[PDB]
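Working notes, structure below.
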Amino acid sequence: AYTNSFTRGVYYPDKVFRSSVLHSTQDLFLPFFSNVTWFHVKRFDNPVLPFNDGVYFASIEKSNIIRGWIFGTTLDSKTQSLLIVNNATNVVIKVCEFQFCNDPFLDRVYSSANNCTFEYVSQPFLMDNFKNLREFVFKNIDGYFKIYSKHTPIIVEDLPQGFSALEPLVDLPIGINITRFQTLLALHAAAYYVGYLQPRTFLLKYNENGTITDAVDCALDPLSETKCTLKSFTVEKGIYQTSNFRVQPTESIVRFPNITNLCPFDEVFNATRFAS
Amino acid sequence: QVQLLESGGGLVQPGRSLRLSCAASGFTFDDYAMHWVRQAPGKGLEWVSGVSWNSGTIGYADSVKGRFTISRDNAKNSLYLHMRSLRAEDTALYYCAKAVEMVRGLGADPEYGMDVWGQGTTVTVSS
Amino acid sequence: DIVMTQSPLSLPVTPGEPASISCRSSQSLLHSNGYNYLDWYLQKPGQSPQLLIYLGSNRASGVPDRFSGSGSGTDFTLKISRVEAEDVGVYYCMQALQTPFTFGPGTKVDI
Amino acid sequence: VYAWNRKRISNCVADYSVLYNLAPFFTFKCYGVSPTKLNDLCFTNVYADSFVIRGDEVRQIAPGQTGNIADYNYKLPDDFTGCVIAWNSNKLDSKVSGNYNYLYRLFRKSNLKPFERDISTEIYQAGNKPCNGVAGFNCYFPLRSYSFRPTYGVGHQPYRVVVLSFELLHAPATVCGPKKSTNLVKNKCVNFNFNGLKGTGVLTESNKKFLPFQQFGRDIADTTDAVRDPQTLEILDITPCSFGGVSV
Amino acid sequence: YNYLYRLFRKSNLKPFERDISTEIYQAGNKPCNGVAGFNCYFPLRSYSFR
Ligand SMILES: *[C@@H]1O[C@H](CO)[C@@H](O[C@@H]2O[C@H](CO)[C@@H](O)[C@H](O)[C@H]2NC(C)=O)[C@H](O)[C@H]1NC(C)=O
Ligand SMILES: *[C@@H]1O[C@H](CO)[C@@H](O)[C@H](O)[C@H]1NC(C)=O
Ligand SMILES: *[C@@H]1O[C@H](CO)[C@@H](O)[C@H](O)[C@H]1NC(C)=O
């Protein structure tokens, strides 16, 4: 289905601390008020969704059913790929070739170790009576791989009306060609969401502690364009100038007068007799 | 699950060569000392040869020394056992076993603890 | 080039009683670390053998706590606190100090 | 040497100084870089090749060399950009009956490619009759065994060789040198370098709340104001050592 | 081998400065006392121009 991502998907673009200032960054973000793909689970769904640029994965999960993610473009041992899982109190991010099955499950069934190339171990990313929100921004840039995270309580299904930044949980410089991702979980009433990040220019309001407290998009609506032009949140009454209305070209034209001279190649190639 | 598959059995005349192959799947190949142990028909076990984590052999049986040649390949997770000077007294099963202690996990490096065993082949010799 | 022996050669055990098997070597297996390198293995008839005890007395993983290993120097003992109907087969002791390794002649336990 | 092992090394800082601080590694022939210089240098991957050879065949582990080792066992490319480490080991690698755990390829139809490994034991058909896998006239086993003995000659005494190759090619560096954290001088004006962040000014003690993942601190005109101490997770303000316009 | 070169020195050179002294090199925490050995490198090595 479709839902509304009102104001969600704001991650710290830089490890640079600030205070009480506003910083008009311009990076790959998830635009405000976007129709995001909604799923939920006898009935289920598990396609192979394309990892176009960046996915604001959200999971209003009652009790930690989602079990990792799988990324890549082929996922059949032909191309180097990766697997991220969430063990009871640990996680593993490996980079191997893999061969999967239609219904891998536990009480798994796939080639976990094949032509491997990278491994990772850490604490359980999915910490743990509320359907705790588990936002994760998955993105790759310049041959690096970035993830973000957040863990907030949820009372009782649609995204809340609130703003929460996302710390950079873990970085990992893998740098492989990726196109399509697939989520992983186990059933034996949980929703997983997939947005799509797009190049965009944002305003962010760092608080007195370097923590983000509010954000404004430049390209959303005229008033937001003013806000992003004055570099301020409140806008005093007036008439401001923000940008330049410009029309774009439509098609392509090439011109040249009628051509009359053709090189006499036939007389050489189709000659009746060649010289010695 | 950890898997140890061996292949290469078959009837061969005395005075020939063979090459058994053992394939491992389900663990990091370079942190376990592999072993080759024979099993004669209706008798006890007998150690044949082994190899450390760094592809360094650790000697062969006293009565077989001179013909057998072991080799390892961590890239393919593949262990091989070239066999020379085949004689009638070399007919027996052959398991490929693995060590238990991971290297550098605690004095010296471990070589003991043959815990996991694949189903051996049935190499035989006759004329 | 070390030769080991076991005793008794073959002993009948009945389910519900302890049993004791001794493995003897020629050279003491005490290393500089002070650890014994003898290991106990059970090769059940018709099935691939299994590990029972490694490093003298350190219990192997996944086996019940009904087995006990003792001894040092040149004499080691394996005691099954309680025996049952799934404790029949052949037992061996294998050296792990001086290459090449060796396996004893084997004790045959039955009902 | 014919079945040389290769340990890929990554995700780790290599203290090269440790092995450089050991006489037994007498033979430390490197080519293309300086050991001391690379201890402040980074690479994407490192490969550690180890094998044991005789006493005098250490020269064969070098670019543009020839011989049984260089042509059939372990060939280095002409454009070698790494180091060679070799030492004598008569105690462990040798034996009183002679060691048989060692083999060197003696016959092969064609010289190796750089860093090629060959473990196939197929009779070297030198004549024109097929060998069918049994040694004989013009049919030789590819490998032969070194008779390493305690009383053997130095040129024949065992020798362990470790070859390090460095390839930082289009890959996020995973191996750098452990440049020791140098001293920190506070309240006296200095020139500083903090994890690739190298300005000039006086270091001081800070009190500004810093979020743990945050590293730097920027003021209005993107000036590096606060810097996390790399070892201890504390904060050092950078306000230029006290100044104020001089008028006479 | 009429031509040789230096590769280890405590500190780099100065513009238009020709370092010439034949002083043993100490690459380790321990001195050399003018005797060849570990961390004892003669300052000059020779090229094999072939
Ligand atoms: C010129 O000679 C001076 C005097 O020795 C050198 O100054 C010393 O350099 C060494 C390192 O080579 C340091 O350990 C000393 O602390 C320096 N101070 C002294 C003793 O004067 C100077 O380095 C030499 N010139 C060059 C270019 O190296
Ligand atoms: C910084 O965190 C402290 C924690 O007590 C909080 O009181 C303060 O409001 C935060 N920053 C702001 C909003 O000034
Ligand atoms: C090393 O860094 C740790 C913090 O990561 C610190 O606690 C310790 O004192 C440091 N030791 C030194 C100075 O090497």
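Only the coordinates and a few stated rules stand behind these numbers; no lab work does. Cβ coordinates were reconstructed from backbone atoms using ideal geometry, including for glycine residues, and neighbour counts include every protein chain displayed.
For a quick check: sort A:267, D:234, A:225, D:57 by the number of other beta carbons within 10 angstrom, fewest at the front. Write out the running numbers ahead of the final one.
Working: A:267 8, D:234 11, A:225 17, D:57 21.
Ranked by crowding around the Cβ, least crowded first: A:267, D:234, A:225, D:57.
Helix-only estimate, please: 222 nm mean residue ellipticity of chain A, summing -39500 (n - 2.57) across DSSP H runs of length 4 or more and dividing by its residues, to the nearest 500. Before the final figure, lay out the partial values.
On the way: 2 runs with 13 residues, N = 276.
After summing the helix terms and dividing by residue count, I get -1000 deg cm²/dmol.
Antiparallel as a % of all DSSP beta bridges within segment A:1-245, to the nearest 5? The partial results should precede the final answer.
Working: 52 of 54 bridges.
Taking every DSSP beta bridge within segment A:1-245, about 95 percent pair in antiparallel fashion.
Quick check: the distance between the Cα centres of segment D:31-74 and segment D:193-248, to the nearest angstrom?
Using only Cα atoms to place each centre, the spacing works out to 45 Å.
Under the definition of partner shielding as Cβ atoms of other protein chains within 10 Å of a residue Cβ, what is the mean value for peptide A:140-146? Before the final figure, lay out the partial values.
Numbers: counts 0, 0, 1, 3, 1, 0, 0.
Rounded to a whole number, the mean comes out at 1.
Let me have the relative contact order for segment C:5-109, percent, based on Cα pairs under 8 Å that are six or more residues apart.
On the way: 222 pairs, mean separation 36.5, N = 105.
Rounded, it is 35 percent for segment C:5-109.
Identify all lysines with a Cα-Cα distance to residue E:30 below 23 Å; exclude those on the same chain that are fewer than 8 residues away in sequence.
D:29, D:37, D:179, D:180, E:10
Which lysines have a Cα less than 21 Å from the Cα of residue A:78, not counting those fewer than 8 places away in the same chain?
A:94, B:76
Towards the positive end of the charge dipole of segment B:3-125, with charges on Cβ (+1 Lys, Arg; -1 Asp, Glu), say which of B:8, B:36, B:80 has the farthest Cα.
Looking along the dipole axis, the top candidate is B:8.
Calculate for chain D the 222 nm mean residue ellipticity that helices alone would give, adding -39,500 (n - 2.57) per DSSP H run of length 4 or more and normalising by residue count, nearest 500 deg cm²/dmol. Working shown, then result.
Values: 2 runs with 9 residues, N = 248.
So the calculated ellipticity at 222 nm is -500 deg cm²/dmol.
So if I take the centroid of the Cα atoms in segment A:95-173 and the same for segment A:191-232, what is the distance between those two points in Å?
Centre-to-centre distance over Cα atoms comes out at 24 Å.
By the 4.7 Å beta carbon criterion, which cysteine residues of chain A come out unpaired?
Here A:101, A:263 come out as lacking a disulfide-compatible partner, given the Cβ-Cβ threshold of under 4.7 Å.
Output needed: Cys residues of chain D lacking any neighbouring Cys C-beta below 4.7 Å, sorted by number.
D:12
At a temperature of 10 °C and a viscosity of 1.306 mPa s, determine how fast the protein assembly as shown diffuses translationally according to Stokes-Einstein, using the Kirkwood radius over alpha-carbon pairs as Rh; express D in µm²/s, rounded to the nearest whole number. Provide the component values of the computation, followed by the final result.
Working: Rh = 33.7 Å.
The estimated diffusion coefficient comes to 47 µm²/s.
Among D:69, D:119, D:85, which one shows the highest mean-square fluctuation when chain D is modelled as a Gaussian network with alpha-carbon springs under 10 Å?
D:119
Over 28 Å between Cα atoms, which of A:15/D:7; C:44/D:95; A:15/D:198 qualify?
On the way: A:15/D:7 35 Å; C:44/D:95 38 Å; A:15/D:198 17 Å.
Going by Cα-Cα distance, A:15/D:7; C:44/D:95 fall outside the 28 Å limit.
I need E:14, A:94 ordered by Cβ neighbour count within 10 Å, fewest first.
On the way: E:14 8, A:94 18.
So the residues, fewest neighbours to most, are E:14, A:94.
List the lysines whose Cα lies under 22 Å from the Cα of residue D:129, skipping any in the same chain that are fewer than 8 positions away.
D:109
Relative contact order (percent) for chain D, with alpha-carbon contacts under 8 angstrom and 6 or more residues of separation? All intermediate terms of the calculation are to be shown ahead of the outcome.
On the way: 471 pairs, mean separation 58.4, N = 248.
With pairs under 8 Å counted, the relative contact order is 24 percent.
Please give me the summed charge of the neighbours of residue A:85: other residues whose Cβ is under 11 Å from its Cβ, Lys and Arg +1, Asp and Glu -1.
Working: positive: A:67, A:94, A:108; negative: none.
So the environment of residue A:85 carries a net charge of +3.
Taking the alpha-carbon centroid of each part, what is the distance from segment C:48-104 to segment D:76-95 in angstrom?
With segment C:48-104 and segment D:76-95 each reduced to a Cα centre, they are spaced 41 Å.
Starting from the Kirkwood radius over alpha-carbon pairs of chain A, derive D by Stokes-Einstein at 37 °C in a medium of 0.692 mPa s and give it in µm² s⁻¹.
Working: Rh = 22.4 Å.
Translational diffusion coefficient: 147 µm²/s.
Just counting partner chain Cβ atoms within 10 Å, what average do the residues of peptide C:45-53 show around their Cβ? Don't skip to the end; give the middle numbers.
Values: counts 0, 0, 2, 10, 8, 4, 8, 1, 1.
Mean number of neighbouring Cβ atoms from other chains: 4.
Could you check the spin-label model distance between residue D:107 and residue B:43? Points 7 Å from the Cα along Cα→Cβ, value in nm.
3.4
Can you pull the semi-axes for segment B:3-125, root of five times each eigenvalue of the Cα gyration tensor, sorted largest first, whole Å?
Working: eigenvalues 122, 41, 36 Å².
After scaling each eigenvalue by five and taking roots: 25, 14, 13 Å.
Can you give the Kirkwood hydrodynamic radius of segment A:50-106 from its Cα pairs, in Å with one decimal?
Numbers: mean 1/r = 0.0757 Å⁻¹.
In segment A:50-106 this quantity evaluates to 13.2 Å.
Sorting A:263, D:189, C:23 on the 10 Å Cβ count, fewest up front, what's the list? List each step's numbers first, then the result.
Details: A:263 7, D:189 14, C:23 25.
Going from least to most buried by this count: A:263, D:189, C:23.
Pop a pseudo-label 7 angstrom from the Cα along the beta-carbon direction at both residue A:102 and residue C:81 and give the gap in nm to one decimal.
Once both label points are built, they end up 4.8 nm from each other.
Determine the dipole magnitude for chain D: charges of +1 sit on the beta-carbon of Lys and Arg, -1 on that of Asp and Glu, nothing else is charged, the reference point is the Cα centre, and the result goes in debye to the nearest 20. Present the calculation step by step, with values, prior to reporting the outcome.
Details: 28 positive and 20 negative charges, 172 e Å.
About 820 debye.
Within 10 Å of each Cβ of A:76-84, how many other protein chain Cβ atoms are there on average?
Details: counts 0, 0, 0, 0, 0, 0, 0, 0, 0.
That works out to 0 on average.
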